[PDB]
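S.K.: Sequence, then the experimental structure. Questions to follow.
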Amino acid sequence: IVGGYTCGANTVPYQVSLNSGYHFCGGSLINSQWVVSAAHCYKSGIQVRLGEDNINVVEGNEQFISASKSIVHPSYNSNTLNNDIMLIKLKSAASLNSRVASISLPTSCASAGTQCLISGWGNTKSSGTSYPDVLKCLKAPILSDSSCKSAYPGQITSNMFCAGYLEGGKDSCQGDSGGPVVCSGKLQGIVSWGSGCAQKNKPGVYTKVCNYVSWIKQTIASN
Ligand SMILES: CC(=N)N1CCC(Oc2ccc([C@H](Cc3ccc4ccc(C(=N)N)cc4c3)C(=O)O)cc2)CC1
Ligand SMILES: [Ca+2]
């Protein structure tokens, strides 16, 4: 997260860290047994880490649970990142408490202008590399589709939305992928892609979660 602020230990209880010997992507806990992340984060041998603050220090509030199965969206296109969403089932149910909580799915999509909270352990530099060990947060509004499509001609589908600032300076970045974009207390987006990080006229692109609620519910109930 570039231009954000330190969230504070366990202030984003639904945030998860996907680990394969190291942190590689973020995710969101939707219930005690399921995690939603980005399809481009797919890997074999994923361990889900909950209750995390500093990813390099064990503070006693963590729960490390291996994934039993991963389900990438059936229409995921790796070339365009259309339908960049995947579901991960935990081998054992997570114990929900103050520091480990689930985030609710939307009843409707969020309108442009709505302020959201984006979080992650990704790169904090727009130019250069500096990975934080503590969770970073960023408040950002959902941008109009026009501004989004103008920034990325012919690359934005109805399953994506832009959020952030056209002037640059604040944005999600590499390492934040698969992470949560929560607006009005509901999971509205998943960190997907963009052009660089925090660059002028290049806002972040996120998977529009409100389009997948039916698929999510049917899939988790059948697996
Ligand atoms: C042809 C087409 N339709 N495209 C091209 C691919 C594009 O997807 C991608 C997929 C991956 C990449 C990465 C770089 C990357 C990865 C994750 C990111 C996550 C967030 C942000 C951001 N600035 N908000 C930027 C990122 C940038 C890389 O360098 O490999 C960049 C664009 C979708 C749009
Ligand atoms: Ca830790």
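M.R.: Done, it's in. Numbers count the residues shown, from 1 in each chain. Ligands and ions are numbered 1, 2, ... in the order given.

S.K.: for residue 49, helix, strand, or coil?
M.R.: Assigned with DSSP: H, G, I helix; E, B strand; the rest coil, residue 49 falls in the strand class.

S.K.: can you list the residues that contact stretch 58-75?
M.R.: Identification of contacts with stretch 58-75 by Cβ atoms under 8 Å, 6 or more residues apart in numbering yields 9-10, 19, 35, 39, 42, 46-53, 82-92, 94-95, 99-100, 212, 215, 219, 223. Using the backbone N, CA and C atoms, a C-beta is placed for each residue, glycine as well.

S.K.: Tell me the residues of the chain that contact ligand 1?
M.R.: By Cβ under 6 Å from any ligand atom, the residues of the chain that approach ligand 1 are 79-81, 155, 171-174, 176-177, 191, 193-194, 197, 204.

S.K.: Which among the contacts of stretch 58-75 count as buried?
M.R.: 10, 19, 35, 39, 42, 46, 48-53, 82-90, 94, 99-100, 212, 215, 219 (16 or more other Cβ atoms under 10 Å).

S.K.: ok, residue 2 - contacts?
M.R.: 123, 124, 125, 126, 169, 170, 171, 172, 173, 197, 198.

S.K.: For residue 161, give its distance to ligand 1.
M.R.: When Cβ to the nearest ligand atom, to the nearest Å is the yardstick, residue 161 and ligand 1 sit 12 Å from each other.

S.K.: Not counting sequence-adjacent ones, nearest residue to that residue?
M.R.: Closest residue in space to residue 161, ignoring its immediate chain neighbours: residue 208 at 5.0 Å, by Cβ to Cβ, 6 or more residues apart in numbering.

S.K.: ditto for residue 104
M.R.: Spatial nearest neighbour of residue 104, chain neighbours left out: residue 186 (5.3 Å); criterion: Cβ to Cβ, 6+ apart.

S.K.: hang on, that neighbour packs against residue 102?
M.R.: No: between residue 186 and residue 102 there is no contact under Cβ atoms under 8 Å: 11.6 Å.

S.K.: Now the residue minimising distance to the centre of the chain: closest residue in space that isn't a chain neighbour?
M.R.: The centroid of the chain falls nearest to residue 179 when counting by Cα atoms, centre = their mean (1.6 Å). Residue nearest to residue 179 in three dimensions, not counting chain neighbours: residue 26, with 3.2 Å by Cβ to Cβ, 6+ apart.
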